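>>> need coordinates for the below:
(chains A and B, ligands or ions: 2)
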Amino acid sequence: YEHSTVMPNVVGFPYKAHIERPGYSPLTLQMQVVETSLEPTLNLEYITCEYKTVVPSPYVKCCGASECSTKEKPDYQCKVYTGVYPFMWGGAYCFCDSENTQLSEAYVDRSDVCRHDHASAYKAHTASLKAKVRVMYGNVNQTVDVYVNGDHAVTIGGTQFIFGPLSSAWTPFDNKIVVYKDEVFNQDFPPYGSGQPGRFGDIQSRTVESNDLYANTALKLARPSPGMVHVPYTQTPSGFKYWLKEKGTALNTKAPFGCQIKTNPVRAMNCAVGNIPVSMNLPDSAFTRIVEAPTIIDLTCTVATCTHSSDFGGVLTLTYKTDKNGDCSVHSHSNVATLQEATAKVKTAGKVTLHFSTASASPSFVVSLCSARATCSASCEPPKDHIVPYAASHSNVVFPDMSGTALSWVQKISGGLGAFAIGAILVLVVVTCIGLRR
Amino acid sequence: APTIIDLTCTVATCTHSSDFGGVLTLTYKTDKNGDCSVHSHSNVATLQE
Ligand SMILES: *[C@@H]1O[C@H](CO)[C@@H](O[C@@H]2O[C@H](CO)[C@@H](O[C@@H]3O[C@H](CO)[C@@H](O)[C@H](O)[C@@H]3O)[C@H](O)[C@H]2NC(C)=O)[C@H](O)[C@H]1NC(C)=O
Ligand SMILES: *[C@@H]1O[C@H](CO)[C@@H](O[C@@H]2O[C@H](CO)[C@@H](O[C@@H]3O[C@H](CO)[C@@H](O)[C@H](O)[C@@H]3O)[C@H](O)[C@H]2NC(C)=O)[C@H](O)[C@H]1NC(C)=O
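Numbers count the residues shown, from 1 in each chain, chains lettered A, B, ... in the order given. Ligands and ions are numbered 1, 2, ... in the order given. Dropping the coordinates below:
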């Protein structure tokens, strides 16, 4: 039997779906989204880490000159200085007074622990959504894992479920992401091959295991001081370390809608928004024949106490008449009130009680027990407690019924004003028609 | 706590003496037997229990 429903996407919400086959007993289903997962699709841009400056020992040619040679190294630097007179611990070599040459060589290479400590740059698009939902009815429990799109059907005791696409398509990740260890950022990194010294991505490699590298650190060499062999250089500090020191904020501590961010793989967890459509196919054995179920006649509803609090804060009493004792599938036909239970035990005494939760001053809804139906209305008083540690269990609808106290007063005032206005209309029409009849 | 609906009050006898001199009857309809905390919302009458 085909059926369709929509449920809110909030973890822990006790959604109840009511299926009414005319030839059988009504059935009620309890669904609860235990877990969610927002998985974006990622493609690597590059890897970044600290650098290491490699400075080979200077080459001094005594009594001669040497000519600088170029090589293919990342940020390579080569220079020659003339007029050097080196010194050592025992005495100065290069016996010639002033015909000596020092050759300085330097270049930048990826650090040793880049494979253990590095940041990655990513692009994100077309996020997919995965879910884990617990379903209960009759005498079957159980949780299942599904992919939320119209292409995944899971069987649970002979029943086919399909959870259709999400209503919205909102994901906290922008186009470009910076991932570091266990934290995600909404950053705009510069593209490959155009880094800037002193900031993020001064050195960049395509992958962790690729040999190639692009570095840009403004390495400059200086003339050595007289009587020393020390090849002095200057270089802007590593951009990676200053990014660590001043990255600023995060996404773990700023994602909207209250949802966690995790890594490996990057995902957003328990992130409540929108609606999940559900399509259902139930076998003939799931229902119960109308002859087996007890019959209910003369069903009346009353409210003992109401209080629009977060928990289940109203108690309702149903009076009826039955032929035999058994089980009924109670339901509420409005989202103004959410029941606690889906099944009830009817006994020949004829009284049952239920608990419900709502958030309106004047609720009004139709409750059904087995095959019967009745109307319930109530007045509710505010709760006194200011803050609670459990989430609200109502659908958060506030507008009162038209028969509530405030709307009744408004309706009476409007009726009085309208009657007075219509009386004045009649006076004017009568006078003018007397004028015209003459 | 039990639910209480259809509460009606009747007074059998009254006598404004110093001792507890009025007997009152309440009729209701309840789902299960239990305990309630009775009170009077005015100081004209003082309950016993
Ligand atoms: C041992 O030490 C002597 C100096 O005490 C070294 O002699 C020096 O040799 C170099 C090249 O062998 C000379 O450089 C060039 O010499 C030519 C000579 O025509 C000159 O035209 C160039 O402008 C340049 O100076 C250097 O002058 C010379 N020093 C002198 C003559 O005082 C010698 O090389 C050392 N031994 C070895 C094996 O190198
Ligand atoms: C359908 O299955 C779920 C999962 O087993 C049932 O929920 C489980 O209910 C039991 C009984 O209440 C829980 O055991 C108790 O949990 C409390 C929680 O603090 C603990 O203090 C006790 O020591 C005891 O272990 C169990 O934790 C709970 N599990 C989950 C994941 O919710 C559920 O009741 C089943 N449905 C029906 C109708 O029985």
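>>> who's in contact with the residue nearest the centre of chain A?
The centroid of chain A falls nearest to residue A:271 when counting by Cα atoms, centre = their mean (2.9 Å). By Cβ atoms under 8 Å, 6 or more residues apart in numbering or on different chains, the contact set of residue A:271 is A:36, A:38, A:172, A:255, A:257, A:258, A:259, A:260. (Each C-beta comes from the backbone N, C-alpha and C, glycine too.)
>>> from residue A:113, how far off is the closest residue to it other than its chain neighbours?
Once flanking residues are discounted, residue A:271 sits nearest to residue A:259: 3.0 Å by Cβ to Cβ, 6 or more residues apart in numbering or on different chains. Residue A:259 sits 33 Å away from residue A:113, going by Cβ to Cβ, to the nearest Å.
>>> which one's more surrounded, the two?
More crowded of residue A:259 and residue A:113, by other Cβ atoms under 10 Å in any protein chain shown: residue A:259, with 17 against 11.
>>> correct me if wrong: the more buried one contacts residue A:253.
No - judged on Cβ atoms under 8 Å, residue A:259 makes no contact with residue A:253 at a distance of 11.8 Å.
>>> mind checking the SS state of the residue nearest to the centre of chain A?
With DSSP: H, G, I helix; E, B strand; the rest coil as the basis, residue A:271 sits in coil.
>>> please report phi then psi for it.
Residue A:271 adopts backbone torsions of phi -130, psi 100, taken as degrees, to the nearest 10.
>>> which residue does the stretch 1-150 of chain A bring closest to ligand 1?
Nearest to ligand 1, among the residues of the stretch 1-150 of chain A, is residue A:63, at 4.1 Å (Cβ to the nearest ligand atom).
>>> so which of the contacts of residue A:271 are in strands?
A:36, A:38, A:260 (DSSP state E).
>>> in PyMOL, select just the buried ones from the residues you listed.
Remark: buried members of these, expressed as a PyMOL selection using 16 or more other Cβ atoms under 10 Å in any protein chain shown:
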select buried, chain A and resi 36+38
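>>> nearest residue to residue A:78 in space, please, no chain neighbours.
residue A:68 (4.8 Å).
>>> contact residues of chain A facing ligand 1?
Selection of chain A residues close to ligand 1 by Cβ under 6 Å from any ligand atom yields A:63, A:95, A:96, A:99.
>>> go through those residues and flag which are in helices.
Assigned to helices by DSSP state H, none of these qualify.
>>> for those, work out which two are farthest apart.
Pairwise distances across the residues of chain A next to ligand 1 (Cβ to Cβ) peak at 10.1 Å, for the pair A:95 and A:99.
>>> out of the contacts of residue A:271, which comes closest to chain B?
residue A:258 (35.1 Å; Cβ to the nearest Cβ).
>>> thought that closest one was touching residue A:268?
No - look at residue A:258 against residue A:268 with Cβ under 8 Å: they stay out of range, at 10.7 Å.
>>> these two: who's more crowded?
residue A:268 (23 against 8).
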